[PDB]
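Chains: A, B, C, D, E and F, in written order; residue numbering restarts at 1 for each.
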Amino acid sequence: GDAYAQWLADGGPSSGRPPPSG
Amino acid sequence: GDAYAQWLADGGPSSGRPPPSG
Amino acid sequence: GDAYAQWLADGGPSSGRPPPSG
Amino acid sequence: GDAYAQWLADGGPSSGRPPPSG
Amino acid sequence: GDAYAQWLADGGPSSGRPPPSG
Amino acid sequence: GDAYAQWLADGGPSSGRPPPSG
């Protein structure tokens, strides 16, 4: 949940990285 | 995770659609 | 999913609450 | 742009608030 | 801004389409 | 808006870098 939240903040799919599970 | 980002971007709980799990 | 979305809306890790799993 | 980034972090359209300009 | 969040969730620069101003 | 997506990918405000216009 925390790592996902940061991925999201980084643009989600637009980050170019797969979504984290946490 | 990716589907869930798309769901958030459409309004999430306020979108009239259930959240996906990916 | 829906709980996690409300958690983000209330500022995510700047909430002091575990991320929900829903 | 920094405010928008925080808005995305808060779920974007799911956040319950309009997108900021900065 | 809301359209731009949707664009990001579709891949942003990897989405195959231009960025929204909204 | 493309450069701004890349800036988000790189961590957004956390990167200490200013947000781009594009």
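What we mean here is this: a residue touches a chain if its C-beta (ideal position, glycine included) is under 8 Å from a C-beta of that chain, and two chains touch if they have at least 3 such contacts.
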item	value
Chain pair with more C-beta contacts, A-D versus A-B	A-B
Reference interface C-D: repeating pair among A-F, D-E or A-E with over half of contacts shared	A-F
Distance between chain centroids, defined by C-alpha means - chain B, chain C (Å)	14
Centre-to-centre distance between chain F and chain B (centres being mean Cα positions), rounded to whole Å	24
Shared interface positions of chain C, touching two or more other chains	4-5, 8, 12
Complex interface listing, chain B residues touching chain D	8-15
Chain F contact footprint on chain E (complex, rising order)	4, 7-8, 12-13, 18-21
Residues on chain C engaged by chain B in the complex (per definition of touch)	1-2, 4-6, 8
List of chain D residues in touch with chain A within their complex	5-6, 8-9, 11
